[PDB]
Number of protein chains: 2
Amino acid sequence: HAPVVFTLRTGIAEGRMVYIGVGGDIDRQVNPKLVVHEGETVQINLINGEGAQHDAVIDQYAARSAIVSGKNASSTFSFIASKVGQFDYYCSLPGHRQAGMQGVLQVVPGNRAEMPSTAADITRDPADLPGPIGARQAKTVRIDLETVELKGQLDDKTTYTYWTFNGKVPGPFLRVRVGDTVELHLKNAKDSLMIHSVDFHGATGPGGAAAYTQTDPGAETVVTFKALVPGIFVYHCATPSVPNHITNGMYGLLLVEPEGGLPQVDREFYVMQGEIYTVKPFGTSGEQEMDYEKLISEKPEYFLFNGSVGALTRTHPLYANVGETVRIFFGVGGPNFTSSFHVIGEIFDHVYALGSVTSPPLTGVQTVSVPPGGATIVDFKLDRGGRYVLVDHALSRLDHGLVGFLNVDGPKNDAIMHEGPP
Amino acid sequence: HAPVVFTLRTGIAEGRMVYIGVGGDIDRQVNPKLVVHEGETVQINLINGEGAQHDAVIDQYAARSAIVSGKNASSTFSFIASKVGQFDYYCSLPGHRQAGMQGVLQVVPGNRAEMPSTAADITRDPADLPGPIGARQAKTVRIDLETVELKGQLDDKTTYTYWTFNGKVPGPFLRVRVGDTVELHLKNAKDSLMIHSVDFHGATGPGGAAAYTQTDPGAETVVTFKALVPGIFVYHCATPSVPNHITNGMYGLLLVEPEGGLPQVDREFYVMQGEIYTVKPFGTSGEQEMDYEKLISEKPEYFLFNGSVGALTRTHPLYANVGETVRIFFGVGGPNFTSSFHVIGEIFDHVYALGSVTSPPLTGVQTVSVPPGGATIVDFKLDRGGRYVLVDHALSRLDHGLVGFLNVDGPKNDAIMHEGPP
Ligand SMILES: [Cu+2]
Ligand SMILES: [Cu+2]
Ligand SMILES: [Cu+2]
Ligand SMILES: [Cu+2]
Ligand SMILES: [Cu+2]
Ligand SMILES: [Cu+2]
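Residues numbered from 1 in each chain as written, not as in the entry; some residues may be left out. Chains lettered and ligands numbered in written order. Part of a larger assembly, values for the part shown. Heavy atoms only, no water. Residues with missing side-chain atoms left out of burial classes, pairs and counts.

X-ray crystallography is the method the PDB entry states for this structure, with the resolution given as 2.0500 Å.

Below you can see the structure in the form of C-alpha cells.
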C-alpha cells in the first residue's frame, strides 16, 4: 500500500478534448491506459490544462475527482484496485465524454514484477552497521573509506551519477568509543573525475579532517584524530561544491559511543535522508542529470532515504520482531532540508535531542526536527505487529520518493489495536 | 445585398468550450448575439482557435459551415436572413453544444438604421466633377487647391485623420484642354501640422509642380504650367513621406482634354481607389491610427473607393438611367496596390489603356489593371437596369471595404437577362 500514482492534465490533442498523461510511463500520451495490479492503491491527480470544467469518474469503483474549473485547478482521488478488468475513466461534465474525455484503467491479476535494474544498487541496507562495541578501553582504530563515482538506480527505470563513500548511500556507519584515536585512510578511486574529502562532525580541527583529506583521483590521504566527544555525528565530503558532493550521496554517520555504551536494545538501524536536484521532474525515466539552479535555490525533485526511491520499501526495507526494542540512528545528509522524522504507528520512547548522547533523552515524542548536518537517535518497543512507515512529516515529500517500511510480523487484531469495539 | 459579416473563433472562456467574437460589435464576447435585419445577407466566418473539431449550424436556415479541424482552419458560409426571430448557432460535433458551443442569431424586422456619424464626411461624391469643356481655344485657367488635415468617417463607428485637397478624397476633379496654361494656387490650411505640395502627372518640370508647391501651414504657393499632353492624370501630394501623404488621402485626377474633347457620353463619374494602413484590423470601432510598419511593408487594413467604407454604397453611390452611355474616370492614388477594376454585370465598351486619351481604346474588356499613380477611362451603355457593382477583382479586398454601387432603375426581367428559359 505505497500508492501507484498517475497525473492527468485536461486539454486539446488529436482534434478532441482529452486527458493527457504527465510523467511516468504515460508522459504526453492522450487518454493513456492506466495499468494497475489487483489490490494496488491507485492515486489519480487531475490538473485542469485549458480552463473548462472537468472531473474524472470510474463507475465500478464509485471513485471520482472533484470538478476542477480554472487552469491549474487540481483534484486527487484514490481507491484500491480490488476488481480485475478494464474500467473507463471519463469526464461527467455535459458532453465532455462525447467530446473525447475518456480512457481505460486496466486492473491486471497478480503482483507487479520488479523492473530489471540498469545501474548498481547504491542503497545502504539499514541493517548494514557495526553493533555495540564491547565494554573496553580507548584504543587506536583504523578506518578505510574509498570515494567512488558511479551510476546508480535512483528509481526503477531512472539512473543518476552518485558520488559515494564505498559505493553506497549513506556511506559506512563508523562506530568508535569516546577517547579512541581514529587513523582514517581516504582512497579516491582512479576513475573519479573529482577531488574528494571527508569532514566528520565528531572530529576537532581544520575542516573536521577535510583540510587533511582533499584526495586527488587514484591517490590516498591519511589523517589521525581523537574522538574527544560522544555523539551521533554526520560525516560528509567537504570538496567544493560541498552541496554538490552531498546531494550526489557523500554523507554518513559516526557514532562516538559514551563510556557506558548506549542503552541495551534488541535491534539497530542506519537511516539517512537527502535530496537530489534533477533537470527533469520526479518520475521521469532514463539518465537524470543535476540541475545547478535547482540545487542553489533549494528546489529538489527527489527526497530519499538511503540513496534511492524504494530504498527502504522495495530493495532494502527494515525487518524486526514484536517485543523487540529498536534503535534508529537517523541523520540528514541534506544538503538543505530539515526532516520532521516520524514512524507512522509508533511513538518514540526516547529521542536524543540534537543528537546529544550525554543529555537525558526526551520521552513519548511523535516527531523530531533533524537539521541537515544533524543526526538523532530514537528507540521504541515493538508492542505489536504491522508495517511501520518512516516519513518526513513534511508529507508532500512522499510524492518525491521519501518513504520507508519497518516490517514486523504479528496478528492484524490484538488488545493494543483491532477492528471492532472492545 | 452587401453582406453583414461576423467572425467567430472557437476556444475556452467562462469555463466552457465556446464561440468568441472577432472584430466589429462582438470583439472578445463569448457566444455573441448576431443582430441582423430581415432580408440582409449574413456571412459567418468560423476560425478554429484551440484545435478540436468544430462547425456552426443554424437549423431554420439549413445553413452550416464545414467541419474545421486544426488551429486556424476556417469555413465561411452565408444565407439571407429572410425569417425574423431568434435562431441558435451551435456546433454539431459530439457533445460540443452541451459543452457550451451555442449562441443566438437575432433577425429583427425593418431596415438597419445608419450609425449617426462622429466625424466629417470626407467621401467625394462620384458625380462631383466638371462636365465636358465646350469646344474653345487654349487659355489661362486658374485652379485653387487647399490642403486640409481633418478627422473623417472611415467606417460607420470608426474615424481616422485624413490629409486632403479641399477636405474630400479624392481631391477636386481638374478639367482643362491641351494647350491650356494652368495658374495653380495651393493654400495649406493654418491648422495643418504638415507641409503639403502637389505633383500633377500631367505637368512637365521639377516634381510635376511639387518643387514649387512645398507650402508651410497658413501659407500659399502659386505655380504656372502648360498642359502639353492630353491624358487622364493622377495628381498627389509630394511632401515626404509621400506614401504617408497619399494613404491619408492626398490624391485626385486631372483630365487634359484632347482638342476634339472626349467622345460624347450621357453621364460621367469620378472614382479613385486607395489603401489605409491602421494599427487595428478592418472593422475595429473608434479612432484608427496609422501603422508605419504596415505602410512600408504594403500590408493595409482598408481598401477604399473615394475615401471611406460605404463611400459608393451608402453615403454617395452612383445613379444612372437605362439607355445612357456612362464614362468612369478611374484612378489609383494607392499608394501601393494595382486595381483589377471591373463592374459586375457590365462589360467595358471602351478602355483607354494606361490612360492614353490619344491611342485607340481597347473594346469589349471585362477587367483592366490600373497601377498606383495610374488612371484609365472606361465607358459602357446601360442596356438594362440593376445594381452594378464596382470592384477591384483581387476580391479579398471586398473584405477590407472596397465595393461601390451603380444604381440603375429598370425591370428585374427583360430580353437581355431574365429568370426562366426563353
Ligand atoms: Cu471535462
Ligand atoms: Cu566528494
Ligand atoms: Cu558539515
Ligand atoms: Cu465544436
Ligand atoms: Cu500632403
Ligand atoms: Cu506621382
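Novice: I'd like a description of the coordination of the copper ion (ligand 5), backed by residues and values.
Specialist: All names here are of chain B. Distances from the copper ion (ligand 5) to its protein donors, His196 (ND1), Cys237 (SG), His245 (ND1) and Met250 (SD), fall within 2.0 to 2.4 Å. Its 4 donor atoms give the copper ion (ligand 5) angles of 85 to 133 degrees at the centre, a pattern that matches the tetrahedral case. Spacing between the donor residues of the copper ion (ligand 5) along the chain follows H-x40-C-x7-H-x4-M. Here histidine 245 and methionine 250 have matching classes, each one buried. (Donors = N, O, S within 2.8 Å, 3.2 Å for Na, K, Ca; no water. Tetrahedral: all angles 85-135°; square planar, octahedral: opposite > 155°, others 65-115°. Buried < 20%, exposed > 50% of the residue type's maximum accessible area, 1.4 Å probe, protein only.)

Novice: Quick one: what's the story with the interface of chain A and chain B, residue by residue and with numbers?
Specialist: With 13 residues of chain A in contact, the opposing surface of chain B contributes 13 residues. Across the chain A to chain B interface the summed buried area is about 930 Å²; carbon plus sulfur atoms make up 61%. When the buried area of chain A at its contact with chain B is split by residue, A:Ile12, A:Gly15 and A:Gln98 rank highest and sum to 41% of it. Between the two partners, chain A and chain B, sit 0 salt bridges. On the surface where chain A and chain B come into contact, there are 2 residue pairs in polar contact. For the side of chain A that touches chain B, the class distribution of residues is 5 nonpolar, 6 polar and 2 charged. (Contact = heavy atoms within 4.5 Å. Buried area = accessible area lost by both parts, 1.4 Å probe. Salt bridge = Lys/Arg side-chain N within 4 Å of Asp/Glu carboxyl O. Polar contact = N/O pair within 3.5 Å; in protein donor to acceptor, adjacent residues only side chain to side chain. Nonpolar A, V, L, I, M, F, W, Y, C, P; charged D, E, K, R; others polar.)

Novice: Describe the pattern of salt bridges, naming the residues involved and giving the relevant values.
Specialist: All names here are of chain A. What the rule picks out here adds up to 40 salt bridges over all chains. Of the charged contacts, one joins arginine 327 and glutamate 268 as a salt bridge, the two residues approaching to 2.9 Å between their closest N and O atoms. Here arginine 327 is found in strand β22 (residues 325-334), whereas its partner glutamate 268 is found in strand β18 (residues 267-276), with 59 residues between them in sequence. For the pair shown, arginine 327 and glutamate 268 are each scored as buried. (Helix = DSSP H or I, 4+ residues; strand = E, 2+ residues; numbered from the N terminus.)

Novice: Can you explain the sheet that holds strand β29 (residues 404-409) of chain A? Please cite residues and give values.
Specialist: Residue and element names in this part refer to chain A. Here we have 5 strands laid out as an open sheet, ordered β21-β29-β28-β23-β26, and mixed in their pairing. Each edge of the sheet is formed by a strand with only one pairing partner; in this case those strands are β21 (318-321) and β26 (367-370). Geometrically, the sheet is characterised by an average inter-axis angle of 20 degrees between neighbouring strands, direction not taken into account. Summarising the sheet, strand β23 (residues 339-344) and β26 pair through 4 bridges and their orientation is antiparallel. Counterpart to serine 339 in the pairing with β26 is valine 370. (Pairing = 2+ DSSP bridges. Axes fitted to C-alpha atoms, helices over the stretch in contact; angles between N-to-C directions.)

Novice: Which residues make up the UniProt feature "domain: Blue (type 1) copper" (unreviewed entry) in chain A, and what values do they have?
Specialist: Those residues carrying the UniProt feature "domain: Blue (type 1) copper" (unreviewed entry) are residues 62-107 of chain A in this numbering. The span residues 62-107 of chain A is 0% helix and 46% strand, and its two end C-alpha atoms sit 15 Å from each other. (UniProt positions renumbered as here; feature names shortened; annotations may be inferred.)

Novice: Can you lay out the pairing of strand β23 (residues 339-344) of chain B for me, pointing to particular residues and giving the numbers?
Specialist: Looking at chain direction, β23(B) and strand β28 (residues 386-392) of chain B are connected through 4 bridges and run antiparallel. Considered in β28(B), the bridge of B:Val343 is made with B:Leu390.

Novice: Break down the coordination of the copper ion (ligand 2) for me, citing the residues and quoting the values.
Specialist: Geometry sets the ideal angles at a metal, namely 109.5 degrees for four tetrahedral donors and 90 or 180 degrees for six octahedral donors. Residue and element names in this part refer to chain A. For the copper ion (ligand 2), the full set of protein donor atoms is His196 (ND1), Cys237 (SG), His245 (ND1) and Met250 (SD), and the range of their distances to it is 2.0 to 2.4 Å. Taken together, the 4 donor atoms coordinating the copper ion (ligand 2) span angles of 85 to 133 degrees at the metal, a pattern that classifies the geometry as tetrahedral. Linear spacing of the donor residues for the copper ion (ligand 2) on their chain is H-x40-C-x7-H-x4-M. Residue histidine 196 is found in the loop between β13 (181-188) and β14 (199-200), and its partner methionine 250 is found in the loop between α1 (242-248) and β17 (251-257); the two are separated by 54 residues along the sequence. Among the residues examined, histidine 196 registers a relative accessible area of 0% and is labelled buried.

Novice: Can you tell me about the domain arrangement of chain A, naming the residues and giving the values?
Specialist: You'll often see interface size given as the accessible area lost when the parts meet. Residues and elements named next belong to chain A. Annotation of chain A at the domain level lists domain 1 (1-113) and domain 2 (114-422). Summarising the inter-unit geometry, the C-alpha centres of domain 1 and domain 2 are found 37 Å apart. Contact with domain 1, which involves 6 residues of that partner, is made by 7 residues of domain 2. Summed over both partners, the interface of domain 1 with domain 2 comes to about 430 Å²; 40% of that surface belongs to carbon and sulfur atoms. It is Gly24, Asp25 and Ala113 that lose the most area in domain 1 upon contact with domain 2, and together they represent 63% of the buried surface on that side. In this assembly, domain 1 and domain 2 are joined by 1 salt bridge. Residues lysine 157 and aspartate 25 are paired through a salt bridge, measuring 3.0 Å at the closest nitrogen-oxygen approach. (Domains from an automatic or database assignment.)

Novice: Lay out the sheet that holds strand β21 (residues 318-321) of chain B in plain terms, naming residues and giving numbers.
Specialist: Residues and elements named next belong to chain B. Read across the open sheet, the 5 strands follow the order β21-β29-β28-β23-β26; overall the sheet is mixed. In the strand order of this sheet, the two ends are held by β21 and β26 (367-370), each with one partner. Strand-to-strand twist of the sheet, defined as the mean angle between neighbouring strand axes without regard to direction, takes the value 20 degrees.

Novice: Please give an account of the packing of aromatic side chains that cites residues and values.
Specialist: Aromatic ring pairs: the centre-centre distance and the angle between the two ring planes describe each pair. Counting across every chain of the model gives 34 aromatic pairs over all chains. With a centroid separation of 5.6 Å and 80 degrees between ring planes, the pair formed by A:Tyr160 and A:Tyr162 is classed as edge-to-face. With centroids separated by 3.9 Å and ring planes inclined at 15 degrees, the aromatic side chains of B:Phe330 and B:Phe341 adopt a geometry described as stacked. With a gap of 11 residues between them, B:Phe330 in strand β22 (residues 325-334) and B:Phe341 in strand β23 connect regions that are remote in the sequence. (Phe/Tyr/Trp six-rings, centres within 6.5 Å; stacked < 30°, edge-to-face > 60°.)

Novice: With reference to specific residues and values, describe the relation of the copies chain A and chain B.
Specialist: With an RMSD of 0.0 Å, the fit of chain A onto chain B corresponds to turning through 180 degrees and sliding 0.0 Å along the axis. In symmetry terms, the pair is related by a two-fold rotation axis. When C-alpha positions in chain A are compared against the rotation axis, the closest is assigned to A:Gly95, at 1.8 Å. Counting the interface residues of chain A, we find that 100% of their copies in chain B are interface residues as well, pointing to one common contact surface. (Least-squares fit on C-alpha atoms.)

Novice: Quick rundown of the pairing of strand β2 (residues 16-22) of chain A? Include the residues and the values.
Specialist: Residues and elements named next belong to chain A. As judged from the 7 bridges shared by strand β1 (residues 4-13) and β2, these two strands associate in the antiparallel manner. Counterpart to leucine 8 in the pairing with β2 is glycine 21. The antiparallel pairing of β1 with β2 creates a hairpin that spans 2 residues between the two strands, and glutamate 14 there sits at a positive phi of about 50 degrees.

Novice: Give a description of the UniProt feature "binding site: Cu(2+) 2" (unreviewed entry) in chain A that names residues and reports values.
Specialist: All names here are of chain A. Within this numbering scheme, the UniProt entry marks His196, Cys237, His245 and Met250 as carrying the feature "binding site: Cu(2+) 2" (unreviewed entry). Despite a sequence span of 55 residues, these residues sit close together in the fold, their greatest C-alpha distance being 9.1 Å. For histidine 196, the residues in contact, after removing those within four places along its chain, are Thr147, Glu149, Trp163, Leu186, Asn188, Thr213, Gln214, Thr215, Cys237, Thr239, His245 and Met250. Reaching out from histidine 196, the side chain makes a polar contact with the side chain of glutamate 149 at a distance of 2.9 Å. As for its position among the elements, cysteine 237 is in the loop between β16 (231-236) and α1.

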